[PDB]
Amino acid sequence: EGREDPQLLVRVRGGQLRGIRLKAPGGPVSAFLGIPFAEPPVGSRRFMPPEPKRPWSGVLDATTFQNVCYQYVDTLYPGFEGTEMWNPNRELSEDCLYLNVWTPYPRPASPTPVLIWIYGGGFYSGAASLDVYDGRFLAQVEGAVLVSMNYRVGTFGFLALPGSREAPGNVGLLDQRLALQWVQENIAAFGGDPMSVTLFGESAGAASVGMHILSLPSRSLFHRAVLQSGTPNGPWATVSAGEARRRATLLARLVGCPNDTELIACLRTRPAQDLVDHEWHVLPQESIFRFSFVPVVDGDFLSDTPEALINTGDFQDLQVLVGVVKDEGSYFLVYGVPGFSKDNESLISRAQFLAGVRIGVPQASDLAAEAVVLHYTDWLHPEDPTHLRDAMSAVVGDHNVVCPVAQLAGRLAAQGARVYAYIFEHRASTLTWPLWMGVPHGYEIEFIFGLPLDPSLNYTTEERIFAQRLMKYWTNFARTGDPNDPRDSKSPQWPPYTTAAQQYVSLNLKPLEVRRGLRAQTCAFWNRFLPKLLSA
Amino acid sequence: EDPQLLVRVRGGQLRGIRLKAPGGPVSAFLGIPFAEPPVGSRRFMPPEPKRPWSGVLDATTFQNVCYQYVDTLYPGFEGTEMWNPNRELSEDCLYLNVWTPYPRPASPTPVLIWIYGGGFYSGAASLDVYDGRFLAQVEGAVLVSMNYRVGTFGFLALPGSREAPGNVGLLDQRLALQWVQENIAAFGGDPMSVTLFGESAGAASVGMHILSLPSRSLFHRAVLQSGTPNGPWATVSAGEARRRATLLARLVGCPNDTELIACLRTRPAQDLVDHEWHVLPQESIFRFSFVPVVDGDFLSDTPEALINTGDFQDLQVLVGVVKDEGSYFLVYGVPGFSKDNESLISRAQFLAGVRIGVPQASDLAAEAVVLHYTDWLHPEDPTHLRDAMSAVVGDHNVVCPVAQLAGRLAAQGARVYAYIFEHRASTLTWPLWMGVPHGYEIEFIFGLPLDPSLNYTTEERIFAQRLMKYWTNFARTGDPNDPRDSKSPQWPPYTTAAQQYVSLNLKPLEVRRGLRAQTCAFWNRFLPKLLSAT
Ligand SMILES: COc1ccccc1NC(=S)NCCN(C)C
Ligand SMILES: COc1ccccc1NC(=S)NCCN(C)C
């Protein structure tokens, strides 16, 4: 109002905003960062569902990222880029429910399809402000309207005493839902089309996307979904009400909080850091790829277990894109499996492999664990250290990601959904993790968001072209529900995943290759046999 | 009279017969008695040595076949009839046969002793596929084969009783082995170089002689073709043998052990055979009612226990399998399988078939088998399901037991050689979907393709000669490799480390590693736990 462009001044339901003009390699983009979408969930509102942001007066400055939700900070490899890139990059606070919007500059004069990013982090970490989630490239190159929101993690987002009024659980997912409702009402002010909203997320964010697919009140808030290396089904994304209650009760005892009302009231008096300092002490077994406070089967947000909901759900008018990276498990081994480190080749003995299986499959009986060991052992070389190391990675990746994804894709396809499946096989030339980890969990994200287009990041030219291809796949799917370009038949086609043919594509520097069966043989072990075994 | 055909053994004089092989004559001494006829009160009893005889005993023709069930699945079909008795049935059946080079061997010659198979309920040494003609003529071997009692007559047991102690059919084999030690030198054979070889139940028999101390002094090397003493069909516990014997007695109207066996001895042979199959505890295939029993005597413990703790240092063993061990048995009980159609089966038929092929499996173990063998890219393809049904039966009953035995023998001192036989005879009468069925390597080991009237291909003739050389080289030296040939390539010993075996087909030897390693880990390591826990 005076000297402000004014292509950066926008009004939303809550009031006026002032965004910022950012520089992307190919031109400018508009960014509206740190938009509050909820009342600060602090004090008496800790553990409570979010309340919509009450209107503010004057022009709110939306030129910088807001606080990151309070969370545990990783210190396994202090100062190491491979881990620090995921750590908070803004102040930790319980006052953290803000979202961000990237659009073309000038804003589009025509309703534009919207992408909503939901970050992962095992439901205990993450932030929409991380560099790998920078929406400026998708906004500039593909003309997308990209939105990303913070949501409460850890105890603050998922500590639950099911049935209580003061800690009903799943409030972190309700934070996400409120952001989705904010987009429905307000994204038109930015040139976005609320009738074309695609959710995409990775790890716990993909599991979050799946929970919105499975929760009725969320289905009216989006039209398509992308689940990258994560699912609502599987062994880590949810807990039962009984397990959530015992974990919340134990944590309370561990911070000096011995009726649900009095217990939660006492928890609300504790400092945020006190809860973070003990949240990892409530897991029932020594484990990797397990997180203390995750979505709970409350019979409300989730009317039943994700397994039961995907086994019996109707997904006719639903298009979904799902996939995995080549080495889903390797990242998690250095966080608790003896013998595994980023600083050596991590060749392990057979004994270390058996011990690792008990940690990677913590819920397994002795017989189930033995079944795993026999299945993954190479009986031509049962003691080879290199194969055992790679087998340990496959156990963790198959159990937690690949086979849950394969299960989800199969059920969704059988029950009306249009599914596209991929495996991501390119290892970034810039990767700082060792070679034995291969293509680890989470390292497709930087290519989807188009970071290789930033010339200062020293990616290769082939990786730049590769990123543009993936951006086109993702935005084409967002636009049409089909990753294939409407008129580019020269390039090979990406067929839908079906129960009959089970076709998926490999994403690497070569053109698309069609393959059949997402670890079909191995995932029969995890998804068909092992349930029968454990229940006996 | 021909003096090459006159032989004096400890019992008396024998007269053999000059037979014609493709390349020249051989001396055949057929139907030599090695035991007193196990008839009347000697039914179910251990064998006794044959009493001496006067004059010259005629040994020019095969003797009777031990009384046994006769197959009627495909009447008149060559594929089944080639295994049926080709001489009259009789309980008076304990005779053996000797083939030698004509003239007699000038120096002591290694001896090959054949033990026929047939599920311990059938078989005979007089079958055309066991013709010692060619091995004697071409390789100069002294070949011996004996009849042993089968079915109830050979293995009905009331363990602990005096009148039916069990395993008498194996004692028949052992007595023939003793006869060879005592007499084979009169034929030019070397009793200090005796090699046992057998197929199916015959191979299991060979293995039990390895695991029974009194037998170990009677041979020096062993070949086990598509059979093992360990595994789910070759032995039964004392309690199960007692159950099956008592049930058969009930079915034939009988009636303490003495009184029971006394009434069984009054029954005509066919009465017992008529109810032989009615005592199995489950509907099944590749299961036989009366087999060797873990008596604590002939077998001091289970074959599994004995191979796990035995000392096999100075032992050489040759083992192997055919490409499609299970196909033969499917047409004998599994719905959806016939020699006359391609036997394309549904998935439901596959689950039903698995309960018959793994009769002892719980519902959960059966599910484990189904899920392991299903191709989850084509879970309902009938061709794959049919071939998977054959693989289940073959792996469960032969391939993995063999891999188990080979590993334990190698680990505990034995020199082991392993093979897979992958050639389908041009003359085979079974359908193509059966592949290389159980038992159809034998005609090549014995050298039948060297007979031009049988219309084998000239490549199969050359192939047979190769196999006869492997087997006789192993008999001579404990090593199947030709000590004159140079890297064709070499047949390496099987070891727990490298797990090397060779493919036997029309192409030169190809060394491979791991005998269905992943699948036999399932059968040999996991499934016992799954059942040892229910
Ligand atoms: C954003 O998420 C990821 C990104 C890259 C690799 C792993 C994860 N996933 C988790 S949970 N990272 C936190 C550390 N934990 C393994 C203990
Ligand atoms: C001599 O042995 C064989 C030779 C060829 C194929 C199978 C067998 N084995 C058995 S047991 N044949 C009897 C019939 N059985 C299917 C019940």
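Labels below follow one simple rule: chain letters A, B, ... track the order of the sequence lines, proteins then strands, and each chain is numbered from 1. Note: hydrogens, waters and symmetry copies are ignored here, and every other heavy atom, side chains too, is used. Ligands are counted one by one from 1 in listed order, and the atoms in each one are counted from 1 as well.
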Practice task
For this output row, return yes or no: ring centroids of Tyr148(B) and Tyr116(B) closer than 6.0 angstrom.
Solution key: yes

Are there any protein N or O atoms under 3.5 Å from the N or O atoms of ligand 1? List them with distances, or say none.
unit_1   : atom_1 : unit_2    : atom_2 : d
ligand 1 : 15 (N) : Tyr124(A) : OH     : 3.3

Exercise for the section: Check whether any side-chain heavy atom of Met146(B) sits under 4.5 Å from a side-chain heavy atom of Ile113(B), and report yes or no. Expected result: yes

Practice task
Measure from the side-chain N and O atoms of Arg427(A) to the backbone N and O of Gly438(A), and report whether any donor-acceptor pair falls under 3.5 Å.
Solution key: yes

Problem - Parallel, tilted or perpendicular: rings of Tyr121(B) and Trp277(B) (30°, 60°) - result: perpendicular

Handout entry: Parallel, tilted or perpendicular: ring planes of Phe286(B) versus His438(B), cut at 30 and 60 degrees
Key = perpendicular

Exercise for the section: Would you confirm whether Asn230(B), through its side chain, and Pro401(B), through its main-chain N or O, come within 3.5 Å as a donor-acceptor pair? Expected result: yes

